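This document starts with one chain, in the form deposited in one PDB entry, laid out as structure tokens.
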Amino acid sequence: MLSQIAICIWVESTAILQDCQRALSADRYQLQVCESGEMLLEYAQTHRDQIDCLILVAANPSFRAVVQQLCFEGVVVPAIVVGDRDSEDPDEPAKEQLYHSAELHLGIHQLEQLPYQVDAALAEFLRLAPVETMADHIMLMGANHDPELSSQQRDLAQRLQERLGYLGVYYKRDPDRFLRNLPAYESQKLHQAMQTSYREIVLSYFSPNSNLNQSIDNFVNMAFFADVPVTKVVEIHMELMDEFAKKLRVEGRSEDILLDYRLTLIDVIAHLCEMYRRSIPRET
């Protein structure tokens, strides 16, 4: 059921490779090692269609040059940059990205998580395809801004999507009832409905034997099916905290209980997080 991911590792150190081979000890991962920059650049051309994921150690000599050249040949694949070795003279960081935007950055002792990080590196690529490189997607051919008009990244994205992805069934929420799609009036009545609901949660949050959890569910339900981002929930919390803040200055004590109301935010977001986690099916 699981497709084989082909890994191309560029490493100079003995200790770094030794961890990568150890982590990806499963026979699912095709490991191809290149112990020099020139070996990578040459393997890049001969096996450009045989690379699923890259692991580029920054501590490797002439790093940016190998990366700059790599984007020229059209080689744009999922990557995992390891460790920190910023060049001192290119004078064009940036550092928003070394290779491409959907690249992953790891530590030299965070390699026993590689199987999960390889998954992340592949999934991120599929979601942001086509991505932008600090070597080709800005210059030169041909303003603007890539030599892949038929989307060479999508020809790869489709190829990875069918092997590393499956097909499941989700509950189709009404997109016309999402917060960002609702009419302006409808949008802020729901927003007020969520503000009211949240206040109800907060006011009875430290009230035991209450409908607190039933109040949370009914808020999270509105939050989940209107596809509101977690930021809005965080924003709703603030608008009430501001209200309570001013309320406490006069006719009340200090604003210390607001710090106790951080539990309320953790509580609600946790519910919402689980509901999204529960809404993921299997292949069948």
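Here, rigid core means the biggest group of C-alpha atoms that superpose within 1.5 Å across both forms. The numbering used is simple: start at 1 and walk along the sequence shown.
As recorded in the PDB entry, 9-17 is the stretch of 9-17 and 261-269 with the greater mean C-alpha temperature factor.
Of the two segments, 228-236 and 37-45, the one listed with the higher mean B-factor is 37-45 (C-alpha atoms only). Taking the deposited Cα B-factors for 200, 186, 148, 176, the highest one is held by 148.
Among 209, 181, 87, 204, the highest C-alpha B-factor in the deposited entry belongs to 87. For residue 137, the recorded CA temperature factor ranks within the highest third of the chain's modelled residues. Residue 52 sits in the middle third of its chain by CA B factor, as recorded in the PDB entry. Ranked against the other modelled residues of its chain, the C-alpha B-factor of residue 62 as given in the entry falls in the highest third.
The PDB entry assigns residue 71 a C-alpha temperature factor belonging to the highest third of its chain's modelled residues.
In this PDB entry, residue 143 carries a Cα temperature factor that places it within the highest third of its chain's modelled residues.
There is also a form deposited in another entry; it is not shown, and the following applies to it.
Of the residues checked (106, 179, 203, 157), the rigid-core alignment between the shown form and the other one shows a Cα shift of at least 2 Å for 179 alone. Here residue 123 does not count as shifted, since its C-alpha moves by less than 2 Å between the shown form and the other one after the core is aligned. Expansion of the residue 148-residue 52 CA spacing by 3 Å or more is recorded in that other deposited form, set against this form. With a change of no less than 3 Å, the CA-CA distance between residue 95 and residue 106 is smaller in that other deposited form than in the form shown.
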